[PDB]
Each structure stands twice: as C-alpha cells, then as structure tokens.
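Notes follow the structure.
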Protein chains: 2
Amino acid sequence: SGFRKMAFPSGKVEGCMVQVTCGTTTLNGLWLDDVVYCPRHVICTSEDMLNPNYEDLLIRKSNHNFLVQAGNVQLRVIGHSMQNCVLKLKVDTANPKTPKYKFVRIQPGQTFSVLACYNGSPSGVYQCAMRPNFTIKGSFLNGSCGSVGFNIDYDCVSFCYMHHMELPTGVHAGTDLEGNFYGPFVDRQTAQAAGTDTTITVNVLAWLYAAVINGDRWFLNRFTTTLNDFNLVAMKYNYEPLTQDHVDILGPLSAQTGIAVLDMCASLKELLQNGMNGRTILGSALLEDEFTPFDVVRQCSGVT
Amino acid sequence: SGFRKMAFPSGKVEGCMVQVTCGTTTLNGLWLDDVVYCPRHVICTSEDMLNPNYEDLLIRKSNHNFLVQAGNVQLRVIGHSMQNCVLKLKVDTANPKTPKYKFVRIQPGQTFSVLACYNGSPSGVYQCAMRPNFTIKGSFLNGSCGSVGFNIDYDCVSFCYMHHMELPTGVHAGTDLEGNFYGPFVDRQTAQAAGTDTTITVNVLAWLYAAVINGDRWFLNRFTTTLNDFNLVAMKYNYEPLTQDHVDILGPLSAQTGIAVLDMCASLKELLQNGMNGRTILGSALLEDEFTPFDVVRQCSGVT
Ligand SMILES: Cc1ccncc1NC(=O)CC1CC2(CC2)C1
Ligand SMILES: Cc1ccncc1NC(=O)CC1CC2(CC2)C1
C-alpha cells in the first residue's frame, strides 16, 4: 500500500564519493577502481568561465595539482586525462568500496537516483527523470558538481549522470560518465537554450496504473480511445506521442490491473481535457511523469 | 537551484539491515551493536493475528527459533526480550558497520527518511512526514515490517521509526525503537481509527519560503494577517494552528528572504481561500507539508 517517489539505496554510491580540488575550485569526484571521474570545469577560474579553452587549461595542470580526498585520506594521482567533459584522474589505490558497476547512457524519459554531494560528502538522495529535452530538474547548489545519477539492478550500479551545470533557467545539465553532455549543452557560462520539453506520456500512464493498484480509481471512465486519437490530444497538451513500444512496455501493468492500455489512455485524455476538478491521484494534484513502467512494477512488487 | 523531496543518504542504515525469521514469518531487523531490533509480530501465525497474546507466543520461542541473517552470514542469538512492541535479540557479534546512533521519538509534523527493505535487503529510500495523527503515508508491502525511519546529523543516525503495520485505510503505523507505537495503534489485525489528520501549517510555510528562495513567487501578495486571523482560516481548512513557537522556527527563512512570517501566512491564507488557479509551486499543484523549516534550511544551504 502506498506509492512514493522512491530513490535507490545510495550506500554503494556513497562509498565512491570523493572531493576533488584544483586551484581554488572544489567539487565532487566519483572513485571507481583506480580512477576518479569529475567535471572538467574543476580546472577553470572565473575569468575562463565564459568560454574556457579546456585543452589549454589542462596543459598547465600536473598530477600533483589535483587534490583528491576520500573522506579523511588523500589519494595519490598518477595520471590525468580529459575524456569529453570529464577528467579521469588515475590514482595509485583502487577504491576498496567499488561496487559492481557499469557506465550507461540513459534515454530521455528514463528515471534515476541522484546522490547530491558537497565537498565529497553526501547530503541527500532523490529520484529524477531525464526530461525529454535532456535537462533534469534537480536540487543542486554551488559545490554539487560531480554528484552522480544512477540505477541499481540487484548488486550492479549503472552510473548514468554526472552533474555539471545549472542553466540560467534553474534547470540542470550534465553528462554520461564518458563526459558526453545529455542535450545540446556545453560546459560554458553562457545562456543556453534547452529544447521544448514535453510530458513523458508512458510514465504518466504507468503512474495511473500505480494509482489503480493502490486504490485511487476515481479517474477511470466508461471510455476508450485509439493511439491516433490519443496522440492528437497528447500533441495539444505537449505530451510525448505514445507508440506501440510504449504500449508494449505497459503490458505487465495492463495485465495486473485488467485495464487495457487504450482504456487507460482514455482516462488520461479526459484528465488532460477536464483537469482533476480539485481532486488528487496518489497525493498529487498534477499528472506525475517521473515513474517509468519499470519503476511502478519494481515498487509495486518490492524488488530489492 | 531546485527543490526536491530529498531523503538522507541511506548508507549508514543499509549496513544495519538484517533478515529475521521466526516460524514461517520473515521480516526486517535492525542490527546495532550486539542487538537486533524487529517488530514483535514476527512470532505470530495467521490464527493469532486478530488478537495475539504476545507474552504467551514469546514463551514458546527460544533463542534458536529466531533466524537472523545479515546478508549471507547467520548471526548467533544468545538472548531475546520483548520491549513494548519490539523484540530485542541479543547476538554474539557486534555489527561492524554500526554507525554512531541514537533512538529518538519524533514529534508529529517532523520528517524522516525511510529505507524500505524486504528480506533484510534495501529496495528504496524516501522522505516521509509523521502525520499529525501519528500515521505515515509510506510505500510498504508484506515483508517490509522492520524497515526503519531515521534522520542524520553529520555522522549520527537518529532512528525514529520502525514499520509495523498497514491500517485498512492503506496508511502506515509503527513504533519508536523502544517499541512504543506512534498514535493509538496496537499490533493486531483489527480495524483501527487513525485520528482526524491535519495539514502541517509550519511545514507549508517553510515550503513557501523554499519556493521564494528558488524563484517561484507568484503567490506573494500585498497582504498581511495576524496569528488569530490566520488561525481562523487554518481551522476552516483543517490546518494545524500556528503558534509563536512555529513563527520562531521560521525566523531563519524569514530573515533570508526578508518576508515577514505573518506576510507569508497571508499568502497561505489567499492560497487556501482561492486555490492555485491552475498554477504550480515547486512543481506541485497542492500545498506541500512534508518539509520542515529545518529541512528547507538544510537543502537550501547544502548541509552534508
Ligand atoms: C552554481 C551551480 C548550482 C547548481 N549546479 C551547478 C552549479 N554550477 C555551475 O553551473 C557552474 C559551472 C558551469 C560552468 C561553466 C562550466 C561552471
Ligand atoms: C501487509 C502489509 C503491508 C504493508 N505494511 C505492513 C503490512 N503488514 C501488516 O500490516 C501485517 C501485520 C500487522 C499485524 C497484526 C500485527 C500483522
């Protein structure tokens, strides 16, 4: 009973968090095996920020300029390299707390947990969705750069995001663990357009199924729709078009509840057209799109 | 930038989670030092559930009937005692991962993080508020009993909640770590009334301050109110009466934003009376009461 915006347990990720300082800037690094991953903007200074020449800035840096501290102990840096927008600092000690891990590039609409950190120390954990426009609506302050996003399949941690930047609009931008930015963003202090965002339709439908599973069913109606009719409504309301692939991923929830995917789409159509009429669904007065169908199945079945 | 329902990092609590089996029932236990804490209903069977005689049920149990497993290794139980609604199983090994900890009994309206577990394994973490009526609106399934709620001050974990039960209404009830239920609840399979719940006024005000700090200010008006006028509105809308103690706790947020507490109360008064008019505050279409003024200060300043 109950449905919460649940994050993965952050323990395996806390054991990887380190502090990285270069010059006067301190941020977070991720220590996996004998490598420390961090945003390359750690090598910048305030004059360099509007358009840094990272190649030139890194050339003036030697292994001993990168101060990496894992809690109270200092790590010895024996190599440094820039891969896209990340720095990889080779250290002489493999992290004893390295969990089984993978680097993955998530798709827009997928969810993940963020372990927000400052000075290499964890402050909190929350569940995020990578927006269709490749931004995240996180909670990050100066010093949070290098905080990571991840998913956990039993004992394996799939790292998918590293935080780099806060856009002038207050939304966040970052990279995969190979330093490739999600979206069109560049690591510069420049105004950058995030694309038009949309609501993650498949996730809203998954959350409507979660609502039915947990007793909230007032929104179920006597109607049905087609993918084409629904997609006309989705276009008008800035929702992602629903495809047969999305319908297929909703199969387990459709089977559990006995509510056909197109019947659920018709409920969503009526909610989009008429609103909630002052009512709530799973304690929310808006349509929630931060739960994937996989998240709903996992939470609704207690996968550990 | 940004404001999220952030939970504490669960690492220190994951290292304490164990599985406890007695007879055919398996649930979660909390291993701190050489003691394993778990709900006493682990000793029950389906016939006993409508009104268990815990004293009699425990008498038929010996140390060897309590199977405690910490991951893959089995713990040796050398003592057992019932303290209120919890069982304390003395084990021969002190938990090497025991963090600095305290047992605390939280007040209604206070928040905490829950590490949901099944079979001694963590599945997820979320931030909760203890409702004014002493229930929690969690996400728990069969097997989650023994999952705990906590807060973290730097390196010290204050355990405040242990999950015991799901009421017929889908809301949750549990105890402090001395086995005292929060609320009038008893550990029996009986329909139990939770009191009339109210909205945590001080927390909504704290969240309105967080909204202003993060750029959402459309709700700020040209009005002010008094504690008495505001409390008349709070009574009508099932909000907790605001006291000078609540106003005092809002002092830091009032000082940061320069918005007097009574001016913020007037904004809340207008939102209660007129609604949101289809608008949102920090991505919510309802008034959020799960952030204390302490949570807002912590998140808004990046305390680790
Ligand atoms: C201030 C803040 C808040 C939240 N997250 C991140 C930040 N930090 C930044 O965005 C500054 C970085 C971006 C850069 C040009 C390469 C320097
Ligand atoms: C089924 C479930 C779901 C979520 N949380 C908890 C549960 N479990 C229970 O409430 C069963 C317990 C309560 C008892 C009388 C003493 C047996």
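We name chains A, B, ... following the order of the structure tokens; residues begin at 1 in each chain, and ligands are numbered from 1 as shown.
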Considering only C-alpha atoms, extract the chain B residues located within 9 Å of chain A and return them as a VMD selection string. chain B and resid 1 to 15 115 to 119 121 to 127 137 to 144 166 170 to 172 214 to 215 280 283 to 286 298 to 304
Using only C-alpha atoms, which residues sit within 7 Å of residue 180 in chain A once same-chain residues fewer than 2 positions away are excluded, as number ranges by chain? A: 84-85, 175-176, 178, 182
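If you look at CA of residue 98 in chain B and CA of residue 63 in chain B, they are 22.3 Å away from each other.
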Which parts of range 56-269 of chain A does DSSP call strand (DSSP E or B) when run on the backbone here, written out as an MDAnalysis selection string? chainID A and resid 66:70 73:75 77:83 86:91 100:103 111:118 121:129 136 148:153 156:166 172:175 181 199 239
Excluding same-chain residues fewer than 4 positions from range 69-75 of chain B, what lies within 9 Å of it counting only C-alpha atoms, as number ranges by chain? B: 15-21, 31, 91-93, 120-121
Quick one: write out the picked residues with N, CA, C and O atoms as an mmCIF file, in the first residue's frame?
data_model
loop_
_atom_site.group_PDB
_atom_site.id
_atom_site.type_symbol
_atom_site.label_atom_id
_atom_site.label_comp_id
_atom_site.auth_asym_id
_atom_site.auth_seq_id
_atom_site.Cartn_x
_atom_site.Cartn_y
_atom_site.Cartn_z
ATOM 1 N N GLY B 15 23.829 -0.788 6.189
ATOM 2 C CA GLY B 15 24.763 -1.660 6.888
ATOM 3 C C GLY B 15 24.221 -2.268 8.173
ATOM 4 O O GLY B 15 24.847 -3.152 8.753
ATOM 5 N N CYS B 16 23.068 -1.803 8.628
ATOM 6 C CA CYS B 16 22.386 -2.316 9.820
ATOM 7 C C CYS B 16 21.237 -3.263 9.492
ATOM 8 O O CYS B 16 20.628 -3.779 10.436
ATOM 9 N N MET B 17 20.805 -3.350 8.227
ATOM 10 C CA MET B 17 19.627 -4.165 7.913
ATOM 11 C C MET B 17 19.904 -5.655 7.876
ATOM 12 O O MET B 17 20.801 -6.106 7.174
ATOM 13 N N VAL B 18 19.102 -6.420 8.613
ATOM 14 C CA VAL B 18 19.191 -7.878 8.624
ATOM 15 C C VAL B 18 17.789 -8.484 8.380
ATOM 16 O O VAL B 18 16.764 -7.787 8.429
ATOM 17 N N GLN B 19 17.758 -9.776 8.087
ATOM 18 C CA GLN B 19 16.523 -10.512 7.905
ATOM 19 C C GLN B 19 16.270 -11.274 9.216
ATOM 20 O O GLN B 19 17.215 -11.772 9.827
ATOM 21 N N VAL B 20 15.023 -11.327 9.682
ATOM 22 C CA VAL B 20 14.681 -12.062 10.904
ATOM 23 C C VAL B 20 13.522 -12.982 10.579
ATOM 24 O O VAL B 20 12.478 -12.513 10.139
ATOM 25 N N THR B 21 13.680 -14.277 10.843
ATOM 26 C CA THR B 21 12.632 -15.254 10.601
ATOM 27 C C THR B 21 12.313 -15.974 11.885
ATOM 28 O O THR B 21 13.206 -16.302 12.662
ATOM 29 N N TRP B 31 20.178 -4.220 13.110
ATOM 30 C CA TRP B 31 21.309 -4.710 13.877
ATOM 31 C C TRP B 31 22.210 -3.560 14.297
ATOM 32 O O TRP B 31 22.937 -3.020 13.471
ATOM 33 N N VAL B 91 22.701 -10.763 20.043
ATOM 34 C CA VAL B 91 23.524 -11.631 19.204
ATOM 35 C C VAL B 91 24.980 -11.660 19.731
ATOM 36 O O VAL B 91 25.379 -10.753 20.469
ATOM 37 N N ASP B 92 25.758 -12.715 19.402
ATOM 38 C CA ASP B 92 27.129 -12.818 19.918
ATOM 39 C C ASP B 92 28.150 -11.913 19.190
ATOM 40 O O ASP B 92 29.310 -11.850 19.594
ATOM 41 N N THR B 93 27.735 -11.252 18.103
ATOM 42 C CA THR B 93 28.642 -10.404 17.325
ATOM 43 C C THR B 93 28.093 -8.986 17.236
ATOM 44 O O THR B 93 26.926 -8.791 16.891
ATOM 45 N N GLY B 120 15.491 -8.374 4.595
ATOM 46 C CA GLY B 120 16.732 -7.767 5.047
ATOM 47 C C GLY B 120 17.489 -6.999 3.987
ATOM 48 O O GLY B 120 18.585 -6.503 4.260
ATOM 49 N N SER B 121 16.918 -6.878 2.782
ATOM 50 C CA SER B 121 17.572 -6.164 1.699
ATOM 51 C C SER B 121 16.888 -4.853 1.354
ATOM 52 O O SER B 121 15.684 -4.809 1.117
#
Nearest to residue 28 in chain B, restricted to only C-alpha atoms and choosing among B:282, B:135, B:147, B:104, comes out as B:147
Shell of 7 Å around range 195-206 of chain A, only C-alpha atoms, local chain residues under 4 positions omitted, as a PyMOL selection string: chain A and resi 109+131-133+210+238-240+242+246+250+264+287-293+296
Env of residue 110 in chain B: 6 Å cut, atoms = only C-alpha atoms, seq-sep filter 2 positions within chain, self excluded. Answer as a ChimeraX atom specification. /B:107-108,129-130
Writer output for current selection, N, CA and C atoms, as an mmCIF file, in the first residue's frame:
data_model
loop_
_atom_site.group_PDB
_atom_site.id
_atom_site.type_symbol
_atom_site.label_atom_id
_atom_site.label_comp_id
_atom_site.auth_asym_id
_atom_site.auth_seq_id
_atom_site.Cartn_x
_atom_site.Cartn_y
_atom_site.Cartn_z
ATOM 1 N N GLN B 107 8.318 14.057 16.944
ATOM 2 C CA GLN B 107 7.062 14.722 17.156
ATOM 3 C C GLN B 107 6.249 14.654 15.868
ATOM 4 N N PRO B 108 4.908 14.688 15.985
ATOM 5 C CA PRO B 108 4.066 14.790 14.779
ATOM 6 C C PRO B 108 4.427 16.065 13.987
ATOM 7 N N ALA B 129 6.751 12.306 6.342
ATOM 8 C CA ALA B 129 6.466 13.145 7.496
ATOM 9 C C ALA B 129 5.607 12.290 8.410
ATOM 10 N N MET B 130 5.812 12.378 9.725
ATOM 11 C CA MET B 130 4.938 11.747 10.693
ATOM 12 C C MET B 130 3.704 12.662 10.678
#
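Using only C-alpha atoms and all ligand atoms, the shortest contact distance between ligand 1 and any of A:23, A:174, A:79, A:99 is found at A:174.
Here CA of residue 173 in chain A stands at a distance of 12.2 Å from CA of residue 189 in chain A.
A straight line drawn from atom 5 (N, counted along the ligand's line) of ligand 1 to CA of residue 155 in chain A is 29.0 Å long.
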Shell of 8 Å around range 47-56 of chain A, only C-alpha atoms, local chain residues under 4 positions omitted, as a ChimeraX atom specification: /A:40-41,43,60,188-190
Spatial neighbours of residue 25 in chain A, max dist 8 Å, only C-alpha atoms, sep filter under 6 positions, as a PyMOL selection string: chain A and resi 42-45
